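Trainee: This is the structure, below, for whatever I ask next.
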There are 2 protein chains.
Amino acid sequence: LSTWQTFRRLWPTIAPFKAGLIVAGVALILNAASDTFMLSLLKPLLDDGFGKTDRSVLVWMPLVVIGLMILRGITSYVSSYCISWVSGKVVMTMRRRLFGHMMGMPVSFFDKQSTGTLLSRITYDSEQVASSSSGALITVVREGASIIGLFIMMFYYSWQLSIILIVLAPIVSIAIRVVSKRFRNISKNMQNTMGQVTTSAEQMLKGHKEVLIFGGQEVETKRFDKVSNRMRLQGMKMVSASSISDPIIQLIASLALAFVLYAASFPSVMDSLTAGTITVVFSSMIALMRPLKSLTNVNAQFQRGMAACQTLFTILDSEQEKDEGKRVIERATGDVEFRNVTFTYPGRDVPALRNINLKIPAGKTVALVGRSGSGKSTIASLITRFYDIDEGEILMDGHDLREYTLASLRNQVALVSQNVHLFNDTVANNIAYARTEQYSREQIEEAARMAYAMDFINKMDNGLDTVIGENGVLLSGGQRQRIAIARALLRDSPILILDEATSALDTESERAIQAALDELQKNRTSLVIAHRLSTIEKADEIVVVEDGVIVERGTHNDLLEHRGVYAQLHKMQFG
Amino acid sequence: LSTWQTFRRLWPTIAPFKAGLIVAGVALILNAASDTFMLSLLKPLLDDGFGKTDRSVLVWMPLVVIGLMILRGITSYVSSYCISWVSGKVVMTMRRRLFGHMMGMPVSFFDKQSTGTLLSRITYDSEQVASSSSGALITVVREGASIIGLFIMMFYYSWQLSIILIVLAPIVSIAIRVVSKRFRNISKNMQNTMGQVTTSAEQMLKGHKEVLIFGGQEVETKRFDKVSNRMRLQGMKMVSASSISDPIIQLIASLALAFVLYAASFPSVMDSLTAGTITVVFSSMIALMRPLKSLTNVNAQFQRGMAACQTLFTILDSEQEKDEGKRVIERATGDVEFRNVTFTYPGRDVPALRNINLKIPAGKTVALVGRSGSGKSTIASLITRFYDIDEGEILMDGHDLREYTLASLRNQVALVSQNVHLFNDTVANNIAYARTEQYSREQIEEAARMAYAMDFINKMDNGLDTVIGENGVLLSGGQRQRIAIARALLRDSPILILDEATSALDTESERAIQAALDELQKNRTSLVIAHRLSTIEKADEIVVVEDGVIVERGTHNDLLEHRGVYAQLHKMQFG
């Protein structure tokens, strides 16, 4: 079906590791051959061994069995380890490609699908594809070699008896299937009437409140006596019908065995039939029962594996960042204009952002206080060329963002918030996530001192080289904000956007936070998601954001004099 | 444990059917003996059969095999059928006892447990007890006989080899267990670090929004390269640790087999060891593996069965109707008085009925219109000695119900409603649920014509002997009410209580319903759950019922003049 197409597309990944696959295949063939030779040992043991008084075969058999199982163990370990090497390298390469494609893909993908299922796709599914493919490979190779060995042995010892058994087995299978089907039909046919007797017994108990008033408690007893006799007789009849089935299957199996014995009684075949050839052939026939089932299930398992591969290939080779710009900023002035911008979250409705006329000049500050969601958070996300507007205009330095590459545009905008991301590395490297080669330690320590992050780094183990714990084990919210301030200060980003909604005012030592904030907000463009009073009054411009469109544009004194929604928000301390 | 006492208490039920159990046991023993004899047949076939040129064993073997397995089939059928007879009769008796106890049990039990689970207890659990007990008996008897036969064969052919195998098996088992335990410990020990590697990979993808702004997309690629190296190496080490295990188990098993062969090589045992004795002993040892597992699981199966039996016995030997009366009603006058009655539904709180002062004289009519639930339905249920009052007094004919038996008290009260239970029997027997032997057909047909049910009985198949379909297939709501009216009319019950809440006024032919009603309400005591206007104005007394206590007591004109809750209910047509 479509499995072979996906496998053909996937094969170039597995191509360079042909040596491991060849070693695994040779090992699996040797393993199956060793097992079939172990079965073949049954002839000398039972023919020239136990039977005679010669203590030759019986005294060498233990050593041969030990050697064969040493070979089987070594071979099994080799095959498992080499198939594991191939599977591990393929999984590593595919996870690496999937992740390298994952970063550099629109945030829309990362909000549509939760973060957890992304890790699931990277680990579990990319493990399942190779696990199922390798299982299919080892099953096919090993069981095919085992079946070939068993058939070669069977036809090598006594071909007449082998032919008899081979032509006889399908008839037995067909008869068993027919008998089972017929008696299953009988069972369901009687389940049909179980339904009605059960519903009658149910109806019997549904009128207890009408039995008591009328005094008819004996009549109900007689009726249940009759219905219980009905139930018992019918259950008896099912048991008889079901117990008629299995003896028939057993009888046809015994008849097949008796026919094989009778055929062997004839002189045509018995000439090549000793006491050990029978034991070898009739045991090979038994041992050739599990490989057949494994070969039957291998196709379904491989199809499942290739379906998982197709899902992963759907995640791969998909949309990416809509990079369409040409020019690169050296240093932006900072003036940004939102005009006639109407933007909607992809995959949703009820537009939240529409018809703005906002201007932020260089060196000034604009607040974006909103009720709960408003459009301030959307504006902060959008200004860094996250989810793009459906229609509108965004003018930075007199040019739009669409014409401008989204590789240097993000470099000139800084994000400051309490919910900043800290990753497991040294603090001297967490500062300046990138550009760790052209930013010397002198600037790093100067920025750390300016951001007042030197106060707690000194009182910590290893100093500037402390490795951050998993998911912020060491650093706290205020410390995280200070490290983000350090990042924004070290990189001379002309435009910054800062958030205060997730910030908690209960923590002490906020004087250093305010000092770092005012140090960062020095002669550079700044957008403030304001909910703290001290960050509101000195702001040059305040633009309260309501759902859809803004409704306030003025200073704090003007808005207070207007007695609008700004005063109401100030009454509740802006939430 | 607790199984044996429950089985001892249950045994008297199974005692009279000892013959079926004996036949089943003898059959199971014969079946196991036939199987062991078939395994024993391998010696003549392989020793002086195939091996030699004697044309004796190989020609009789088909006939002997066919005869043995015909015996096995016939015997299996006999054992199954007789154990089914015993199980079916035990189940019938136990269901009969359980149902006979269920009727005559306080309604409180029937409302505490849903109607469905009672049918489940009667059918499924009472089947499970006998099914598990019979399965335990069959497993114990058959597998014990099979094990005894196989051990007798093994020690009869070659006692030295049998002793070697018996003393060799436990140490092999112990070694397998310890190896498996050690490698499972290794696997979990490394899963421990899989957890932290996975959480690091999770942390990698949780900061995509902070990778883009800072431009550090290559650094994340390098970090994931290193963590993917970690993942692949550690998964490799998992696979190596897991794959080291199974070859060890195979090697110890083969070492045990090699030791058996080497021991057989000695002249102490090899003297009594031919080419067929080996094939019989080493195949009996294989056949002695599944009976052991069945014998191990039989105890758990029997314990589950006896736990189900204990649950059923908990349903049995439980509370019943609190019969405490002495005398018997001949014909009550009809006057009833509820004085200072405060009653609560058992198992709940918020008492529904408290401090009632109601008097209903003989031949009078009293309405009990309530908003939705009120206490009208509770009073109607309680008047027939359903759930009993916590404290209060109910005076009928000047005596209380507690002193008066709840076997003739229910006989004189009639219940009329649209939700009247009809059962699958002839309509001539649906009327007069009981007393079908002292009530001649003349009275039945006169009551049918008086209740105006004769109109639709004539226009239906079989006339008066029509068998009602399952759950009211034939009769309708109006016909159900008419048949209930016929029941209440044929039995000259001095006191009747009628409901109208469940009745629907959309159905036509209500003139016959009204005629049946006013014919029924003729010179006898009647309590009316009034929601229909035509049964309200003609009522001599109306008592509006509110939550807890009644609030109104007067005729329709007086209640309308009072302009109380009765007028408001009349505005909405009493719901």
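In the structure tokens, chains take letters A, B, ... by order of appearance, with residues numbered from 1 within each chain and ligands from 1 in the order shown.
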Report as a ChimeraX atom specification all protein, DNA and RNA residues lying within 10 Å of range 557-574 of chain A, evaluated on only C-alpha atoms, omitting residues in the same chain fewer than 5 positions from it.
Mentor: /A:369-372,501,530-533,537,542-546,551-552
Trainee: Could I get the residues of range 221-339 of chain A with an atom no further than 7 Å from an atom of range 41-62 of chain B, each paired with its nearest atom pair and that distance in Å to one decimal, using only C-alpha atoms, sorted by chain and residue number, as a tab-separated table?
Mentor:
residue	atom	partner	partner_atom	distance
A:258	CA	B:62	CA	4.4
A:261	CA	B:62	CA	6.2
A:262	CA	B:62	CA	6.2
A:265	CA	B:58	CA	5.8
A:273	CA	B:50	CA	6.7
A:274	CA	B:51	CA	4.9
A:275	CA	B:51	CA	4.6
Trainee: Separation of CA of residue 321 in chain A and CA of residue 105 in chain A, in Å?
Mentor: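 Computing the Euclidean distance for CA of residue 321 in chain A and CA of residue 105 in chain A yields 5.2 Å.
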Trainee: Could you name the residues that touch residue 445 in chain A at 9 Å or less, counting only C-alpha atoms, but leaving out those on the same chain fewer than 6 positions away, as a list in words?
Mentor: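 The filter keeps residues 428, 454 and 464 of chain A.
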Trainee: The selected residues should be written to file as a short mmCIF file (atom, residue, chain, number, x, y, z; two decimals), in the first residue's frame (atoms: N, CA, C and O atoms).
Mentor:
data_model
loop_
_atom_site.label_atom_id
_atom_site.label_comp_id
_atom_site.auth_asym_id
_atom_site.auth_seq_id
_atom_site.Cartn_x
_atom_site.Cartn_y
_atom_site.Cartn_z
N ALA A 428 26.58 33.46 33.00
CA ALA A 428 27.36 34.25 32.06
C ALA A 428 27.03 33.90 30.61
O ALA A 428 27.38 34.68 29.71
N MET A 454 24.32 41.74 40.21
CA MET A 454 25.53 41.36 40.92
C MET A 454 25.27 41.08 42.40
O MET A 454 26.08 40.41 43.04
N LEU A 464 29.70 33.61 38.53
CA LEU A 464 29.08 33.87 37.23
C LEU A 464 28.90 32.62 36.39
O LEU A 464 28.21 32.69 35.36
#
Trainee: Write out as a PyMOL selection string which residues come within 7 Å of range 422-424 of chain A when counting only C-alpha atoms, dropping same-chain ones fewer than 6 positions away.
Mentor: chain A and resi 430+467-470+472
Trainee: With C-alpha atoms retained, export the selected residues as a PDB file, in the first residue's frame.
Mentor:
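Okay, again.pdb is ready:
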ATOM      1  CA  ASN A 430      22.231  32.852  29.777  1.00  0.00           C
ATOM      2  CA  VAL A 467      24.505  26.323  35.997  1.00  0.00           C
ATOM      3  CA  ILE A 468      20.788  27.099  36.176  1.00  0.00           C
ATOM      4  CA  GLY A 469      18.706  24.269  37.589  1.00  0.00           C
ATOM      5  CA  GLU A 470      16.013  22.467  35.644  1.00  0.00           C
ATOM      6  CA  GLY A 472      14.256  27.549  37.412  1.00  0.00           C
TER       7      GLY A 472
END
Trainee: Nearest to chain A among B:263, B:475, B:389, B:164, with distances taken over only C-alpha atoms: which residue is it?
Mentor: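 Closest to chain A of all the choices is B:263.
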Trainee: Skipping near chain neighbours, those fewer than 4 positions away, what residues fall within 12 Å of residue 171 in chain B using only C-alpha atoms, listed as a list in words?
Mentor: residues 164, 165, 166, 167, 175, 176, 177, 178, 252, 253, 255 and 256 of chain B
Trainee: Take the residues just selected and output them with N, CA and C atoms as an mmCIF file, in the first residue's frame.
Mentor:
data_model
loop_
_atom_site.group_PDB
_atom_site.id
_atom_site.type_symbol
_atom_site.label_atom_id
_atom_site.label_comp_id
_atom_site.auth_asym_id
_atom_site.auth_seq_id
_atom_site.Cartn_x
_atom_site.Cartn_y
_atom_site.Cartn_z
ATOM 1 N N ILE B 164 15.914 -37.500 38.408
ATOM 2 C CA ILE B 164 16.825 -36.450 37.957
ATOM 3 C C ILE B 164 16.039 -35.221 37.517
ATOM 4 N N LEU B 165 15.026 -35.423 36.674
ATOM 5 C CA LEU B 165 14.249 -34.295 36.169
ATOM 6 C C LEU B 165 13.518 -33.574 37.298
ATOM 7 N N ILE B 166 12.950 -34.333 38.237
ATOM 8 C CA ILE B 166 12.184 -33.733 39.325
ATOM 9 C C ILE B 166 13.086 -32.892 40.219
ATOM 10 N N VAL B 167 14.261 -33.418 40.575
ATOM 11 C CA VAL B 167 15.150 -32.648 41.441
ATOM 12 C C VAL B 167 15.838 -31.536 40.662
ATOM 13 N N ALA B 175 16.798 -20.057 39.364
ATOM 14 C CA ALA B 175 17.784 -19.272 38.631
ATOM 15 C C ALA B 175 17.109 -18.329 37.644
ATOM 16 N N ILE B 176 16.073 -18.813 36.952
ATOM 17 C CA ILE B 176 15.340 -17.950 36.029
ATOM 18 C C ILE B 176 14.742 -16.759 36.770
ATOM 19 N N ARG B 177 14.128 -17.010 37.931
ATOM 20 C CA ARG B 177 13.509 -15.919 38.685
ATOM 21 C C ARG B 177 14.538 -14.875 39.101
ATOM 22 N N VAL B 178 15.690 -15.315 39.616
ATOM 23 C CA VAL B 178 16.673 -14.348 40.105
ATOM 24 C C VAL B 178 17.244 -13.530 38.948
ATOM 25 N N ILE B 252 21.118 -21.264 30.776
ATOM 26 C CA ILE B 252 20.917 -22.097 31.962
ATOM 27 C C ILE B 252 19.949 -23.242 31.668
ATOM 28 N N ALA B 253 18.913 -22.993 30.859
ATOM 29 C CA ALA B 253 18.006 -24.082 30.501
ATOM 30 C C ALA B 253 18.735 -25.165 29.713
ATOM 31 N N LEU B 255 21.933 -25.737 29.784
ATOM 32 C CA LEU B 255 22.877 -26.389 30.684
ATOM 33 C C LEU B 255 22.185 -27.464 31.505
ATOM 34 N N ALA B 256 20.956 -27.195 31.950
ATOM 35 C CA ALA B 256 20.185 -28.223 32.641
ATOM 36 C C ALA B 256 19.938 -29.422 31.732
#
Trainee: When you count only C-alpha atoms, which of these residues is closest to residue 281 in chain A: A:168, A:190, A:153, A:407?
Mentor: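 That would be A:153, the residue with the smallest distance to residue 281 in chain A.
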Trainee: Quick one: residues within 12 Å of residue 250 in chain A, only C-alpha atoms counted, chain neighbours fewer than 5 positions away excluded, as number ranges by chain?
Mentor: A: 172-173, 175-176, 179-180, 243-245, 255-257; B: 35, 65-66, 68-74, 76
Trainee: Run DSSP on the backbone and give me the residues of range 205-278 of chain A it puts in alpha helix (DSSP H), as a PyMOL selection string.
Mentor: chain A and resi 205+208-214+217-243+245-265+267-270+277-278
Trainee: From a DSSP pass on the backbone, collect the residues of range 269-347 of chain A flagged as strand (DSSP E or B) and hand them back as a CSV table (one decimal) with C-alpha atoms, in the first residue's frame.
Mentor:
chain,number,residue,atom,x,y,z
A,327,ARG,CA,17.1,44.7,4.0
A,336,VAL,CA,6.8,52.6,15.2
A,337,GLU,CA,3.3,53.2,13.8
A,338,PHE,CA,0.3,51.0,13.8
A,339,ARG,CA,-2.2,52.2,11.2
A,340,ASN,CA,-5.4,50.6,10.1
A,341,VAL,CA,-4.2,47.3,11.5
A,342,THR,CA,-6.9,44.6,11.9
A,343,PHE,CA,-5.5,41.2,13.0
Trainee: CA of residue 99 in chain A and CA of residue 346 in chain A are how many Å apart?
Mentor: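 Computing the Euclidean distance for CA of residue 99 in chain A and CA of residue 346 in chain A yields 23.2 Å.
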Trainee: Using only C-alpha atoms, determine which residues lie at most 12 Å from residue 156 in chain B, disregarding the query and same-chain residues fewer than 3 positions distant; provide the list as a PyMOL selection string.
Mentor: chain B and resi 40+148-153+159-163+272-273+277+280-281+284
Trainee: Let me make sure I understand: among A:462, A:228, A:320, A:301, which one has the smallest atom-to-atom distance to residue 97 in chain B if we use only C-alpha atoms?
Mentor: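 Counting only C-alpha atoms, the residue closest to residue 97 in chain B is A:228.
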